[PDB]
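Protein sequences, first through last, are from chains B and A. Okay, so the first sequence: first residue is 14 according to PDB author numbering, each after it adds one. Okay, so the second sequence: first residue is 13 according to PDB author numbering, each after it adds one. For reference, the structure is listed below as structure tokens.
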Amino acid sequence: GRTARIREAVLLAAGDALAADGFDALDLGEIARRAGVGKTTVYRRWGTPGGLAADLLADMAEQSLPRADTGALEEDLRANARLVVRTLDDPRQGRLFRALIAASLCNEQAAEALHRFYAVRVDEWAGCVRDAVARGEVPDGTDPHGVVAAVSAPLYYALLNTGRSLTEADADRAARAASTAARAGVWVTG
Amino acid sequence: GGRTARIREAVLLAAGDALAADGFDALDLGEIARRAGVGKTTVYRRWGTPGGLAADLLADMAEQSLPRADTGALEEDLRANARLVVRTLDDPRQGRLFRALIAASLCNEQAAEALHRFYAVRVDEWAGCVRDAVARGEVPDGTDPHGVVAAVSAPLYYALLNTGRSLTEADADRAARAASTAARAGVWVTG
Ligand SMILES: [Ca+2]
Ligand SMILES: [Ca+2]
Ligand SMILES: [Ca+2]
Ligand SMILES: [Ca+2]
Ligand SMILES: [Ca+2]
Ligand SMILES: [Ca+2]
Ligand SMILES: [Ca+2]
Ligand SMILES: [Ca+2]
Ligand SMILES: [Cl-]
Ligand SMILES: [Cl-]
Ligand SMILES: [Cl-]
């Protein structure tokens, strides 16, 4: 429909601008000009740069892809880690994710949406751990969220804290570390 | 030495207070000068920009970072580390300061280089624990100390920045236990 294709264009423009210039530069009147839509429409619908980032993160969460299902926990977590590395190492996507994390640190609306995005992604990949528990590969009571969060965590710590580039070897070690600890019962609750 | 050093101390204290209160976006060098009781021309001359002020604060934070635990056991060392990270990030002031410094790194290349240097200093210091654990035969030869130590802090930050979950002591203890278990199993042996 009309407003659906306008939203699509406005979100594309937002992702492009965030990747280019970061959250500090994101401006709704400019996104309106770039998307070719009335300034009033963009302000009315998204309100602020943080609302625009929030809705971009909503869209990203809604389109997040299903988990791998290989039959083995480590292979599943490796598929996960390698996709996160391919995403963060992409010139555009890596700059976009940095800008969206910056938005979350600057703006409470964007923070809520960023956390919801990671909740959706973790909860999807958590199905791998539920399958590993059912097949007896990891102990009963293993928290799926903790195991999955543990796979992405060192990839983001490299991105953001150490400032190192990520490699496929980093993805494999993130998955191997989490798998090893999960098998040993590290995330068995209580 | 002297008034120049006192001015830097005052300006950096003022910068930390402002970052923690109001964030990177809000930092203004003229306001910092007033808060620190220092002439504004000196503040703009010496630090230039909010990103330069953040970078120098991170330099001071790196220079002052505290020595590692040395308990005689890898997992107890990594647990001391993780508990300190959680106490820092869960502290109202310090947690806000660290979020603001990470925001500065994402927005400003000068602050980014300084941020990465800060984490390099902290990780390299705690890496001493892993080298001790190798020498005592607790983890295999060839274990990468950087990788093990980074692995401890990583899920704590991913809670802070990505999931938005509050951090607990139990989170610290699992972070240390996961990295220790993985390290003993040879996950960070280079090659
Ligand atoms: Ca612009
Ligand atoms: Ca404007
Ligand atoms: Ca703000
Ligand atoms: Ca704000
Ligand atoms: Ca699913
Ligand atoms: Ca204030
Ligand atoms: Ca020192
Ligand atoms: Ca020792
Ligand atoms: Cl993730
Ligand atoms: Cl300024
Ligand atoms: Cl750290």
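Where is the CB? At the ideal position from N, CA and C, for every residue including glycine.
Cα-Cα separation, residue i to residue j
i	j	result
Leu101/A	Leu179/A	8 Å
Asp68/A	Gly198/B	43 Å
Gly42/B	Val50/B	9 Å
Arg105/B	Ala45/A	38 Å
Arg177/B	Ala195/B	26 Å
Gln122/A	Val151/B	44 Å
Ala74/A	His128/A	10 Å
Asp153/A	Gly154/B	33 Å
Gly84/A	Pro167/B	26 Å
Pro79/B	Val55/A	52 Å
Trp59/B	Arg20/B	10 Å
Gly35/A	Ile114/A	10 Å
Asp103/B	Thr16/A	44 Å
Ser77/A	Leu24/A	15 Å
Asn93/A	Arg186/A	12 Å
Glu181/A	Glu125/B	24 Å
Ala184/A	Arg95/A	5 Å
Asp72/B	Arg18/B	13 Å
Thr193/A	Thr193/B	7 Å
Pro62/A	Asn174/A	25 Å
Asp82/B	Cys141/B	7 Å
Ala171/A	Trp200/B	15 Å
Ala191/B	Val164/B	6 Å
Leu70/B	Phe130/B	6 Å
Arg99/A	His158/B	22 Å
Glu137/B	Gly14/A	58 Å
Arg143/A	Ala48/B	55 Å
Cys119/A	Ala22/A	24 Å
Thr53/B	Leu39/B	16 Å
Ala116/B	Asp89/B	31 Å
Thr202/B	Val160/B	12 Å
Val135/B	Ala162/B	6 Å
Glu87/A	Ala33/B	43 Å
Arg189/B	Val133/A	26 Å
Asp37/A	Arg91/A	34 Å
Residues that residue i contacts on chain A, provided the C-beta gap is smaller than 7 Å
i	result
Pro167/B	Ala162, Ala163, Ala166
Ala74/B	Under the 7 Å cutoff, chain A gives no residues; its nearest Cβ is about 13 Å from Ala74/B.
Within chain B, partners of residue i - CB distance below 9 Å
i	result
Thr175/A	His128, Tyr131, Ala132, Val135, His158, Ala162
Where residue i meets chain A, residues with beta-carbon distance less than 9 Å
i	result
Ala123/B	The premise fails here: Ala123/B is roughly 11 Å from chain A at the closest Cβ pair, so nothing lies under 9 Å.
residue 228/B	Lying before the first or after the last residue shown, residue 228/B is absent from chain B, which here runs from 14 to 203.
Chain B contacts made by the stretch 27-42 of chain A, where a contact means CB separation under 7 Å: Within the stretch 27-42 of chain A, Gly35, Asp37 place their CB atoms closer than 7 Å to a CB of chain B, listed in sequence order.
Cβ contact check for the stretch 19-33 of chain B and the stretch 95-111 of chain B: 3 or more pairs under 8 Å: Touching, yes, given that three or more Cβ pairs across the two stretches are closer than 8 Å.
Positions along the stretch 97-121 of chain B whose CB lies within less than 8 Å of some CB in chain A: Answer set for the stretch 97-121 of chain B: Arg111, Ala112, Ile114, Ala115, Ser117, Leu118, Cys119.
Chain A contacts made by the stretch 183-200 of chain B, where a contact means CB separation under 8 Å: Residues passing the 8 Å Cβ filter: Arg186, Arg189, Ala190, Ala191, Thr193, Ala194, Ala197, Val199, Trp200.
Segment contact flag, the stretch 58-67 of chain B with the stretch 143-163 of chain B, C-beta cutoff 8 Å, min 3 pairs: No contact exists between the stretch 58-67 of chain B and the stretch 143-163 of chain B.
Contained beta strand (DSSP E) runs [length at least 3] in the stretch 56-115 of chain A, N- to C-terminal order: Those beta strand (DSSP E) runs which fall completely within the stretch 56-115 of chain A and span 3+ residues do not exist here.
4-residue-minimum alpha helix (DSSP H) runs that sit fully inside the stretch 134-176 of chain B, ordered along the chain: If we require 4 residues or more, the alpha helix (DSSP H) runs fully inside the stretch 134-176 of chain B come out as 157-169.
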